[PDB]
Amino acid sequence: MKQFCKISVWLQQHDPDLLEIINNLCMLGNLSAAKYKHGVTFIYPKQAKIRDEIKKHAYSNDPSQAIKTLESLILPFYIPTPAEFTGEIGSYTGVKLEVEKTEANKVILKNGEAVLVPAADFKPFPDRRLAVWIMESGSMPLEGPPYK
């Protein structure tokens, strides 16, 4: 597929292992559109270290930290471009995201220096309020003041 009505379809092509972890943690709903949900923005960790730690925790006898990391990577907002990375937005952790620097096709966040670039091959269908960014380096915030 080259156009996407669901983020899972893109993830099934880009990292089916991570999609299986998300399904195995009963988190597919976090990733999915819902009527009263502003949107979904998924932050895909480029660097294998973040993903390997998710996998190791996910398949352990306490997958609690894999769940919280995945919550920090999923925003119940539709944020397609650098312009929309403002205001009271954040992940399924309540933590508010703050922009440090913006470029034409890149955002850098405070509180972890997450370097985020839109996934070049993620194009939603025209209704769909879905976005995928690649986190090239840094970490998404785990703790901090909540957005409200």
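We number the residues from 1 along the sequence you see.
Problem - Between 124 to 132 and 18 to 26 (mean CA B-factor, as deposited), the higher - result: Averaging CA B-factors over each stretch, the winner is 124 to 132.
Exercise for the section: Between 83 to 91 and 37 to 45, name whichever shows the higher mean Cα B factor according to the PDB entry. Expected result: Per the PDB entry, the higher value belongs to 83 to 91.
Practice task
Quick one: classify residue 61 as lowest, middle or highest third of the chain based on its Cα B-factor.
Solution key: Answer is highest: the recorded C-alpha B-factor places it there.
Handout entry: CA B-factor placement of residue 1, once the chain's modelled residues are sorted into thirds
Key = Top third by C-alpha B-factor.
Exercise for the section: Looking at the entry's B-factor column for C-alpha atoms only, identify whether residue 139 ranks in the lowest, middle or highest third of its chain. Expected result: According to the entry, residue 139 has a C-alpha B-factor in the chain's highest third.
Exercise for the section: Please place residue 99 in the lowest, middle or highest third of its chain by C-alpha B factor as given in the entry. Expected result: Highest third of the chain for residue 99's C-alpha B-factor.
Practice task
Check where residue 69 lands among this chain's C-alpha B-factors and tell me if it's the lowest, middle or highest third.
Solution key: Tercile = middle for this residue's CA B-factor.
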